[PDB]
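Taking the form deposited in one PDB entry, here's one chain by itself in structure tokens.
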């Protein structure tokens, strides 16, 4: 029930370009000089490096982090909006969770009544409910960070708040994610976020450690990749689209090792090649986690505009995405 103050103070100590405002959950790019439109985001703690690792020049101007798996209070979101605001607009990326929407909506409304031009996009890339046939909301999950990177780059290169909103509206729909848990989140006192047999996996997972939508027997990593790819295919229908070019994220949910992640990416890259697709950009790592959960999510995004690859390849000062051309 506490903002992870020590973690945020430790981030501030580690990175000269980042400053933490004590007791607010707000971490900001202290090099940001209000010359370009700021993009901000935030959410519960426990998904690191989402979103603290995405604060920096060319990505988020600030991120607002709440307690473990609980989004930040609207007053802190509002504080962050006012701080980065200079009368050019503020863009907010929100993950599609009822709790997050409540807090961000309240802050966005208040900010607007104060004269700040705030626009937003809600990330909703998770395909679990379609893949497994549920009537629930489409969660914003690892593919959210594509908005951070693409909108952040476009903003840094001078895009207006209007242009950024239009880009977000074009990008957001293209992003599709499905993940699976290999093991639940472990809490203190030998408790876990759900029960999962050792020979079982849980497909269709989000990020706050809730059980996924479909439990299946574990039949090896290859079979797991096949399932994820099969479900993504069913939503994307890439075989019917002339554009065969995709962006891919391979996301570890916390305690899946790097060797597992790169092995799994090899598998998935081969599967997509055998689907006749070209993956034009790949990022692999713990990109958006759920404490110490073991699992993996795959995100695919059509390269709808070749420029998007330019935006993905632009250097940033954000610690979890320093990669570039």
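Residue numbers count along the first chain shown, from 1. In this text, rigid core is short for the largest set of C-alphas that superpose within 1.5 Å between two forms.
As recorded in the PDB entry, 182-190 is the stretch of 182-190 and 146-154 with the greater mean C-alpha temperature factor.
Two stretches are in play, 229-237 and 192-200, and the higher mean C-alpha B-factor belongs to 192-200. Annotation for residue 7: C-alpha temperature factor in the lowest third relative to the rest of the modelled chain, per the entry. In this PDB entry, the Cα temperature factor of residue 296 sits in the middle third of its chain's modelled residues.
For residue 50, the recorded CA temperature factor ranks within the highest third of the chain's modelled residues. Per the deposited record, the Cα B-factor of residue 134 falls in the highest third when ranked against the other modelled residues of its chain. When all modelled residues of the chain are sorted by CA temperature factor, residue 58 is found within the highest third.
The form deposited in another entry is left out here; the points below concern that form.
Relative to the superposed rigid core, residue 215 undergoes a CA displacement of at least 2 Å between the shown form and the other one.
Superposition of the core reveals a Cα shift of less than 2 Å for residue 109 between the shown form and the other one.
Superposed on the core, the two forms barely differ at residue 160: its CA moves less than 2 Å between the shown form and the other one. With a change of no less than 3 Å, the CA-CA distance between residue 136 and residue 177 is smaller in the other entry than in the form shown. A decrease of at least 3 Å in the separation of the C-alpha atoms of residue 136 and residue 229 is found in the other entry, compared with the displayed form.
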